[PDB]
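Asker: Supplied in structure tokens, the structure appears directly below.
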Amino acid sequence: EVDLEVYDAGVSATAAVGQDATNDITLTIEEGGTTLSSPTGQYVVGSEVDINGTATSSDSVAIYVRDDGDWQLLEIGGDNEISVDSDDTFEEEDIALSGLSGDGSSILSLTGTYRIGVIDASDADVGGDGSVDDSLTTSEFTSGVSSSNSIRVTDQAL
Amino acid sequence: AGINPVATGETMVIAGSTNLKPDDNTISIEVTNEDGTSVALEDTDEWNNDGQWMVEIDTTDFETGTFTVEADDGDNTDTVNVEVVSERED
């Protein structure tokens, strides 16, 4: 819960901290459940896949890969961020997960079961950086608004 | 109390104790098989002033064997083993 308090007309800004509010109004705030939709379950190594999901209460998001260790970032874009529309939805289609420079791409380039997660770009950085941090640990990824899904990359078929 | 083997396909729960502030902190739970492959990841940050936090995990895709559950609060790590079985005795 959070409240807005109006004060008496003519009161100064500095002095208004002392007197009681003439009136106030309260309202509640809730978090946003950002999540991914497209990359989940089965996946084919080297195949280009679409990325989409919801990012309510976020403006930019980042994608990380995990396998018994820290979350590694993928260089999907130049800024490593995906913009969020007015509908709280983000999408970046036709990206090659296994064809990226980041260590997460190399991890996904070998057949097996892994985890892929999405995090807020604002919560992505941990040192005041203007861009997304390269690596985040489990605690940093979990603390911020984030979600994860189980992925399983398999060999190609012809 | 204690450890109870879980028949695969149903829902399992874990109850633990912590001293951290609920809202500002969180507990990360990782489940791995015998080979150590990550099979389930869960987290929570809601507990009352009793210090008890409960986490629920699905056992549909779990194999049979001594799986490992690891709880991390960001500062310390605790490990435990639970025998996932196809069916229990009752």
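By convention here, the chains of the structure tokens are called A, B, ... in the order presented, each chain's residues are numbered starting at 1, and ligands are numbered starting at 1 in the order presented.
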Set the cut-off to 12 Å and count only C-alpha atoms: what are the residues of chain B that reach chain A? Output as number ranges by chain.
Answerer: B: 22-33, 35-45, 61, 70-77
Asker: How would the residues just picked look written out with C-alpha atoms as a compact mmCIF listing (two decimals), in the first residue's frame?
Answerer:
```txt
# COMPACT_ATOMS: atom_id res chain seq x y z
CA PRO B 22 11.04 -12.59 3.87
CA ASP B 23 10.41 -9.79 1.37
CA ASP B 24 13.99 -8.62 0.79
CA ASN B 25 15.52 -12.12 0.55
CA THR B 26 14.73 -15.40 -1.20
CA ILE B 27 15.54 -19.11 -1.05
CA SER B 28 16.64 -20.96 -4.19
CA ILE B 29 16.03 -24.72 -4.41
CA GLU B 30 17.74 -26.85 -7.06
CA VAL B 31 16.91 -30.51 -7.70
CA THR B 32 19.40 -32.75 -9.51
CA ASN B 33 19.45 -36.41 -10.48
CA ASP B 35 24.24 -37.60 -12.62
CA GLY B 36 23.68 -34.07 -11.27
CA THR B 37 21.55 -32.89 -14.19
CA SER B 38 19.21 -30.08 -13.15
CA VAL B 39 15.67 -31.47 -13.12
CA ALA B 40 13.76 -28.85 -11.09
CA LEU B 41 14.36 -25.28 -9.93
CA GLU B 42 12.08 -23.47 -7.49
CA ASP B 43 12.25 -20.35 -5.34
CA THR B 44 10.18 -18.58 -2.71
CA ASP B 45 10.25 -15.42 -0.61
CA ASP B 61 9.26 -36.43 -14.98
CA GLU B 70 20.19 -27.97 -2.64
CA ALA B 71 18.94 -24.88 -0.79
CA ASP B 72 20.80 -21.58 -1.13
CA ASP B 73 19.99 -18.33 0.66
CA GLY B 74 22.71 -16.36 -1.14
CA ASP B 75 25.25 -16.88 1.67
CA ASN B 76 25.13 -20.56 2.69
CA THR B 77 24.33 -23.80 0.89
```
Asker: Would you pick out the contacts of residue 130 in chain A at 12 Å or less, using only C-alpha atoms, so that residues sharing its chain but fewer than 6 positions from it are not included, and give the list as a ChimeraX atom specification?
Answerer: /A:79-81,121-124
Asker: Please dump the current selection as a PDB file, in the first residue's frame; keep C-alpha atoms.
Answerer:
```pdb
ATOM      1  CA  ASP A  79      22.481  -3.644 -26.874  1.00  0.00           C
ATOM      2  CA  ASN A  80      21.579  -7.166 -25.642  1.00  0.00           C
ATOM      3  CA  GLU A  81      18.080  -5.875 -24.840  1.00  0.00           C
ATOM      4  CA  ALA A 121      17.299  -5.368 -18.067  1.00  0.00           C
ATOM      5  CA  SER A 122      17.073  -2.800 -15.266  1.00  0.00           C
ATOM      6  CA  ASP A 123      17.636  -5.611 -12.764  1.00  0.00           C
ATOM      7  CA  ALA A 124      20.168  -7.278 -15.085  1.00  0.00           C
TER       8      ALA A 124
END
```
Asker: Using only C-alpha atoms, which residues sit within 8 Å of residue 92 in chain A once same-chain residues fewer than 4 positions away are excluded, as a ChimeraX atom specification?
Answerer: /A:50-52,82
Asker: Which of chain A end up as strand (DSSP E) when DSSP is run on this backbone - answer as number ranges by chain?
Answerer: A: 2-6, 23-27, 35-36, 41-44, 48-54, 60-66, 71-73, 82-83, 89-96, 112-120, 135-136, 146-154
Asker: If I take CA of residue 38 in chain A and CA of residue 57 in chain B, how far is one from the other in Å, to one decimal?
Answerer: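 Interatomic distance, CA of residue 38 in chain A to CA of residue 57 in chain B: 22.8 Å.
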Asker: Rank nothing, just name the residue among B:89, B:34, B:63, B:78 nearest to residue 9 in chain B, using only C-alpha atoms.
Answerer: B:63
Asker: Where does DSSP see alpha helix (DSSP H) in range 30-157 of chain A, if you list the residues as a PyMOL selection string?
Answerer: chain A and resi 103-108+121-124+138-143
Asker: To one decimal place, how far is CA of residue 15 in chain B from CA of residue 31 in chain A in Å?
Answerer: 25.1 Å
Asker: What is the CA of residue 74 in chain A to CA of residue 62 in chain A distance in Å?
Answerer: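 Between these atoms lies a distance of 8.1 Å.
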Asker: Between A:126, A:32, A:73, A:85, which one has atoms that come closest to residue 101 in chain A, using only C-alpha atoms?
Answerer: A:73
